[PDB]
Every structure is written in structure tokens, then in C-alpha cells.
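Single-structure report; data block below.
What you see below is based on every heavy atom in this structure, not just the backbone, and it leaves out hydrogens, waters and symmetry mates. Each residue takes its place number in the sequence, starting with 1.
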Amino acid sequence: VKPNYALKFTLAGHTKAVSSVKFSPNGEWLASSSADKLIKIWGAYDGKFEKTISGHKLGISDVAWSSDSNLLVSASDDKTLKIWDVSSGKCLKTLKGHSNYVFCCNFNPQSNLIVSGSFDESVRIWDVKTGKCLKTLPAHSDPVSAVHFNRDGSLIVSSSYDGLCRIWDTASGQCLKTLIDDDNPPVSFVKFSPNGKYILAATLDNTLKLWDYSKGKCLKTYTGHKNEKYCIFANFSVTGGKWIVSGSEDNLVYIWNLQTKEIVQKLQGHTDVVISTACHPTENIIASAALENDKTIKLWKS
């Protein structure tokens with residue numbers, strides 16, 4: 001079995017490279033962030049522009065939904081993170097304390113915590129209600145490329161250009177695990193599988209890898225794409241077949257069979273690096289966004 005993703009919509013409006021696209025958990029919306037310092041909301045199914053969210057003083061590298069789809073957090077070069085109420089468009093909290101660029105962000109499943117990663121090599125845990133830094137983790141020896149909470153929020157996974165992936169106890173902030181394979185390429189992305197059993201990690205060696213982090217073992221490897229420079233999001237697609245989805249520096253979206261590691265489809269259309277892809281929570285819909293020479297977001301449906 002292979003999927004049949006076809007292009008349905010091309011969404012323009014960001015005036016600079018897009019950095020990140022993410023579907024709201026309720027399936028209604030698509031949020032995008034960009035080097036243009038703006039967040040944009042779109043209809044997840046029609047790609048219809050909804051609104052622009054602004055306030056960051058510099059470019060944004062990442063945006064993420066709260067579990068109830070009512071809130072957004074963004075990570076920006078201005079060294080801040082911002083909590084947005086999507087309906088009012090209001091900035092509720094501006095989270096400060098990072099010493100350098102914020103690169104990545106995520107709410108935990110209860111959405112009372114935000115985790116952030118920064119060029120200041122730290123991983124930070126923030127309180128959603130008060131907007132205060134609760135814990136600063138001296139996580140890595142290089143910029144932190146991604147941060148993610150597991151299914152219940154007890155664990156955080158981080159990745160860095162230092163070559164490591166690390167698992168953190170959310171409550172204590174202790175490092176519970178350091179994962180690295182036999183080459184030490186920069187880890188450009190990481191995230192838990194939906195069941196929290198695995199961690200999918202991306203490395204700047206054209207390689208995506210699936211780990212059982214409990215066992216510290218790499219189970220699967222997904223190759224064929226080009227990823228040697230940019231921190232490209234990768235995803236688990238579960239709504240139809242079980243796929244791995246990722247952008248590529250060859251201007252292409254890749255789809256792999258999760259079990260057999262075989263490329264099952266490649267999506268053509270973008271004119272620059274597909275920096276970000278996102279998989280819809282209930283439908284077989286992939287969103288993809290590209291870099292400076294493209295600046296568009298595309299919507300694909302199987």
C-alpha cells in the first residue's frame with residue numbers, strides 16, 4: 001500500500017520564508033510561523049486565510065497549539081516566546097529568560113506547561129498561567145533544535161547540534177537518557193511517537209531514525225531525502241496508513257512506510273526547501289511549507 005497525496009491548495013501571504021506549520025488538535029485550523037515575524041491561521045480543510053497574529057520583534061522559528069486548540073506558543077529570534085489566545089489574537093504572556101534565540105516550542109498535553117529550546121543551549125520549562133520560567137535545564141553544548149513532551153507530559157525529549165538527544169524528567173529536570181549513534185551528526189529534530197514509545201529523530205546526514213529510547217536502540221532508519229543543513233520537521237502519519245512524513249532540501253516531501261522504511265510517495269510542487277510538514281489529526285491531509293525562494297504553504301490530501 002502507498003498513499004495518494006494530491007495537491008489541493010497553495011497558501012500564500014507570508015512575506016518571508018515560512019518556518020513551521022502545525023494543525024490544531026481539533027482539526028479545524030493550520031497555524032504557520034515565519035521569518036516575517038508573523039503567525040498566520042488558515043482553515044485546515046480549505047486553506048482559507050483566517051487571520052494574522054503579530055507582536056514578535058524578530059523572526060519566528062516555531063509555533064505550537066495547546067491541547068484545546070485555543071492557544072499558541074511561538075519561539076522567536078527576539079529571544080522570547082509568546083502565548084497567544086487564538087480567538088482574540090491577544091498576546092497573553094511574553095516568556096523571557098532565554099539568553100539567545102528561541103528555536104523550538106511545545107505545550108505539554110495538560111497545556112499548563114511550555115517547553116522551549118534555544119541557541120543558548122538550554123531547555124526551558126515555563127508555566128502557562130503565569131508565564132514564568134519554572135526550570136532552566138543546561139541541556140546541551142550547542143543550539144537546541146527541538147523539544148517535545150511525551151503522551152502524558154512526564155518526559156521531555158530534546159535534540160541539539162551537539163549530536164545528542166536527551167530525555168528529561170519533567171518534574172525533577174533530571175536527565176534520564178542520552179541517545180547517540182555511531183556517527184555524531186547534529187540532531188536537527190526529534191519528537192515522541194503518538195504512543196510515546198518511540199522517538200523519531202532527524203540528523204544532518206540525510207537520515208531519519210526511530211528509537212526505542214527506553215532500550216536505547218535504533219529500530220528503524222528512513223533515508224532517501226536530503227537533510228544536511230536545515231532543521232526540518234518530521235512526522236508520524238497515522239490517519240490512514242502508518243507513514244513517516246518529512247520535508248527535504250531537494251524541495252520535496254517524503255513519505256515512508258513506517259514498518260518497511262520504504263519511500264511510498266514523494267510530493268512535488270515546492271521551489272525551495274520544504275522546511276516543515278504537519279499531519280492532520282483525523283484526515284489524511286499533509287501541510288507543507290517552504291523557504292525564502294518559495295514562501296508558500298501547500299495542502300495535500302490522499
Side-chain angles (χ1 to χ4, degrees), residues 14 16-20 22 31-41 51-149 153 156-162 166 168-175 189-191 231 233 276:
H14 271 304
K16 270 145 88 188
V18 186
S19 67
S20 178
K22 308 274 180 74
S32 52
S33 60
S34 158
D36 69 9
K37 321 173 276 144
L38 308 171
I39 287 143
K40 277 172 203 302
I41 312 305
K51 57 161 65 189
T52 298
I53 290 174
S54 50
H56 273 299
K57 278 183 83 193
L58 291 177
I60 308 170
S61 288
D62 199 6
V63 56
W65 293 95
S66 61
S67 321
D68 60 348
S69 306
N70 291 312
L71 303 177
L72 286 179
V73 63
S74 50
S76 173
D77 299 347
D78 60 26
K79 306 184 284 193
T80 74
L81 290 123
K82 286 164 177 300
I83 302 170
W84 311 96
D85 170 70
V86 181
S87 39
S88 72
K90 293 195 287 205
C91 178
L92 317 170
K93 291 285 181 294
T94 304
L95 323 197
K96 273 89 46 174
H98 263 300
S99 196
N100 212 324
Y101 315 131
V102 202
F103 199 81
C104 43
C105 48
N106 261 318
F107 285 89
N108 63 342
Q110 302 92 13
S111 287
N112 67 296
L113 295 182
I114 282 144
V115 65
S116 67
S118 167
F119 267 53
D120 75 9
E121 319 186 343
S122 83
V123 156
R124 274 169 230 244
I125 304 153
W126 312 75
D127 181 54
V128 168
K129 164 151 135 73
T130 62
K132 76 195 190 283
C133 183
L134 289 184
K135 276 204 188 64
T136 304
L137 309 185
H140 291 279
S141 59
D142 269 318
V144 183
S145 43
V147 288
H148 192 225
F149 277 102
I156 293 165
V157 67
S158 74
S159 57
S160 173
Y161 275 86
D162 74 357
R166 282 178 167 171
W168 308 89
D169 185 67
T170 297
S172 67
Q174 283 320 334
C175 186
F189 183 72
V190 80
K191 79 191 295 183
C231 295
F233 299 80
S276 175

Going by ring pair (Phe, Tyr, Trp, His ring centres under 6.0 Å), name the residues that satisfy it together with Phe189, two or more places apart in sequence or in a different chain.
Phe233
Can you tell me if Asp62 uses its side chain to pair, donor with acceptor, with the backbone of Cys105 under 3.5 Å?
yes
Would you say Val144 and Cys104 make side-chain contact, with heavy atoms under 4.5 Å?
yes
Check: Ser67 main-chain N/O paired with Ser111 side-chain donor or acceptor under 3.5 Å:
yes
Within a radius of less than 6.0 Å around NZ of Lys57, do more than 12 heavy atoms belonging to other residues, nucleotides or ligands occur?
no
With sequence neighbours excluded, what pairs up with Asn106 under the side-chain contact (heavy atoms from CB on, under 4.5 Å) test?
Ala64, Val115, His148
Does atom NZ of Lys79 have more than 12 heavy-atom neighbours, drawn from other residues, nucleotides or ligands, at distances under 6.0 Å?
no
Rounded to the nearest 0.5 Å, what separates atom CD1 in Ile60 from atom CG in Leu58?
10.0 Å
Do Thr136 and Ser122 have a side chain donor and acceptor closer than 3.5 Å?
no
Test of understanding: with ring pair (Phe, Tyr, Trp, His ring centres under 6.0 Å), list the residues that count as partners of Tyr101, not counting sequence neighbours.
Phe119
Can you check whether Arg124 reaches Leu137 side chain to side chain, under 4.5 Å on heavy atoms?
no
Rounded to the nearest 0.5 Å, what separates atom OG in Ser88 from atom NZ in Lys51?
6.5 Å
Check whether any side-chain N or O of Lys135 sits under 3.5 Å from a backbone N or O of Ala171 as a donor-acceptor pair, and report yes or no.
yes
Do any N or O atoms from the side chain of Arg166 and from the backbone of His140 form a donor-acceptor pair under 3.5 angstrom?
no
Taking all atoms of both residues into account, what is the closest heavy-atom pair of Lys40 and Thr52, and its distance?
NZ-OG1, 3.0 Å
So, the side chain of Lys22 versus the backbone of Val63: is there a donor-acceptor pair under 3.5 Å, distance only?
yes
Determine whether the side chains of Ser19 and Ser33 contain a donor N or O and an acceptor N or O closer than 3.5 Å.
yes
For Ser160 and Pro143, the nearest pair of non-hydrogen atoms, with its separation, is OG-O, 2.8 Å
Return the minimal non-hydrogen interatomic distance between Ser145 and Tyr161, and the atom names on each side.
CB-CE1, 4.4 Å
Could you list the residues that satisfy side-chain hydrogen bond (donor to acceptor under 3.5 Å, both in side chains) with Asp77, not counting sequence neighbours?
none
Do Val86 and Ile41 come within less than 4.5 Å of each other through their side chains, counting heavy atoms only?
yes
Roughly how far, to the nearest 0.5 Å, is CG of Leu72 from CD1 of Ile53?
5.5 Å
If you take all heavy atoms of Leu38 and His14, which pair is closest and at what distance?
O-CE1, 3.4 Å
Inter-residue atom distance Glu121.CD - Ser99.OG, 0.5 Å rounding:
9.5 Å
Could you check whether any side-chain heavy atom of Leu134 comes within less than 4.5 Å of a side-chain heavy atom of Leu113, counting everything from C-beta outward?
yes
Please identify each residue that fulfils side-chain contact (heavy atoms from CB on, under 4.5 Å) with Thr94, with sequence neighbours left out.
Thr80, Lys82, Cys91, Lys96
Counting distance only, does the side-chain N/O of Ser20 pair as donor-acceptor with the main-chain N or O of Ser32 below 3.5 Å?
no
Run the salt-bridge test on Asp85 and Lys90 with the 4.0 Å N-O cut-off and return the result as yes or no.
no
For a 4.5 angstrom cut-off between non-hydrogen side-chain atoms, does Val102 reach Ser76?
no
Who pairs with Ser69 by side-chain hydrogen bond (donor to acceptor under 3.5 Å, both in side chains), at least two apart in sequence or on another chain?
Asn26
Quick one, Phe103 and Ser118 - any side-chain contact, counting heavy atoms below 4.5 Å?
no
Can you tell me how far CD1 of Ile83 sits from CZ of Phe107, rounded to the nearest 0.5 angstrom?
5.5 Å
Would you say the side chain of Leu71 lies within less than 4.5 Å of the side chain of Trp84, judging by non-hydrogen atoms?
no
According to the interplanar angle, ranging from 0 to 90°, do the rings of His98 and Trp126 count as parallel (below 30°), tilted (30 to 60°) or perpendicular (above 60°)?
tilted
Please check if the side chain of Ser34 supplies one atom and the backbone of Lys16 the other of a donor-acceptor pair under 3.5 Å.
yes
Rounded to the nearest 0.5 Å, what's the gap from CG on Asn70 to OG on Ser87? Could you check?
6.0 Å
